[PDB]
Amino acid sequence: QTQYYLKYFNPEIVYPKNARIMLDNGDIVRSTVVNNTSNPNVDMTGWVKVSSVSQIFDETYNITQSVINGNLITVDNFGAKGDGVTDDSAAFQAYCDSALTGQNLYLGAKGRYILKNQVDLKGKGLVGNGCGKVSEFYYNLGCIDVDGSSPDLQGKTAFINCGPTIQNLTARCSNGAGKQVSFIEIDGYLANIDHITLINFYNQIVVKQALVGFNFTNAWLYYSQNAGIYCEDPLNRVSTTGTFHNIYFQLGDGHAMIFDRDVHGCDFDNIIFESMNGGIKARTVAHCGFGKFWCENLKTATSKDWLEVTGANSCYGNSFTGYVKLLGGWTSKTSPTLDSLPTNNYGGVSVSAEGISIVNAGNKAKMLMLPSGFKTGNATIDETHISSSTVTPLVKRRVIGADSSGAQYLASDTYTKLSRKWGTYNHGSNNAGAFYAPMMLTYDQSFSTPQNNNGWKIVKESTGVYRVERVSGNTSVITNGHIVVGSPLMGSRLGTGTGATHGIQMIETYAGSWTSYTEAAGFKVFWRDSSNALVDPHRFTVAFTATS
């Protein structure tokens, strides 16, 4: 009939260039060649389908719709339904096997994509259609929904061979309790994971080999059965330089993070553990940074450390430099106020409003600064030079008052091998002064061996005459020193109670050393009774200084 348009191929006809007819299925074809006698139903040489996007043009750019359709390709291009029912695993696989697709796999605008079989990403990363809250509202708008009841997924990871990107993604496992379905495997060398929400699964993120240049941020990781993030490191490569920031772990049956082996130089900050059964676990944690942690409640456990390091002396070199909030059963081995152990401390510096402290793994030494002052873990505080080769004494300066202008006066002490003093100053008369801790030394004829202080001993020279003298090898001297002789015990060690009167005489180092330069090797003590006869105490003390 001439009242509608419809012509099928006729073998008797010669079709000119640009002639249009219908294929037997009704689709229109256009001849691209002169003298066309080929049947387009069996042989499309010399014909094009007019309803193809390669034959549709955007006049704004003078290009085909075919070209425009290369701007963004998703799993929907390969037949994914995203309908919450149909298995889309074959469409996901076809995307990853395609020659047309780029670095990443993309989801379409709206969809709940069911997966019932493992997808091999073939090195492609994963970009979703939104990072949603943990609710059906968001799952229905955009997510990957792994069917954990699928026999082909039991004990397996849903996505393998992930590229260096996981982002902008909501992913859940439905009906997988007890089936050990993990979400994704990604290599530890070079990754950017950000803005993800993962729900259920056994291990949510499975890291292959070891971390290096691995960046993980802004993740809501809810209801994992074993771990949020799991790194086996089967070859013991040793993980390094991983960052873990802004991660919310909630209501996991296991740990937040499990490293079977060793972690060096990694950074963890702004992490939340809410009703988990474990925090971060590793064999070794070395030279890592830890910032703020908020640890609130345990799922079924009664007590757990926020950081658990299993190796002996294998937690060391760390920076615990943010406040760790502990509520509802969480504990810490990293608090500045924690007492040190002789070994197996969690080694590092700890800085928060609780205190500023520093400790090593394999020793009791620990220093803590608080608003009130200092605390030590080994009953000892050292003061020395930063340089190990410097061998001068130190000087301590301490505020003791005001000068004449009203400014703080800091007085200087002395602590050398030969002198212990504390300085002062009289600003009324403008004179320096000092308080002294003298050397004290006692003679006692009942001693088995003479008492020695700092290379000096007291010996009897003759009746009533005692030398406070230098022993062999003592080349130190007294310079203009102060001398006080103590009280004699006469007749016996207990004493009779009788008294005696003393005088002194200096012992020079060389002729005139004392007379001219007030240098002495020591001094003699002479003891006399009330008749002025020389007499021998059983015991007496002397006190002296080696400087003025």
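Numbering starts at 1 and runs along the sequence shown.
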Residue stretch of maximal mean CA temperature factor, 451-459 vs 386-394: 386-394
151-159 versus 196-204 - greater average Cα B-factor per the deposited record: 151-159
Criterion, highest CA B-factor; candidates, 368, 365, 298, 271: 298
Top Cα B factor in the deposited entry, candidates 505, 52, 515, 480: 52
Chain thirds of CA B-factor: placement of residue 13: highest
Residue 541 - which third its CA temperature factor falls in, relative to the rest of the chain: lowest
Lowest, middle or highest third - CA B-factor, residue 533: highest
Ranked against its chain, the third holding the CA B-factor of residue 403: highest
Assigned third (lowest, middle, highest) for the C-alpha B factor of residue 421: lowest
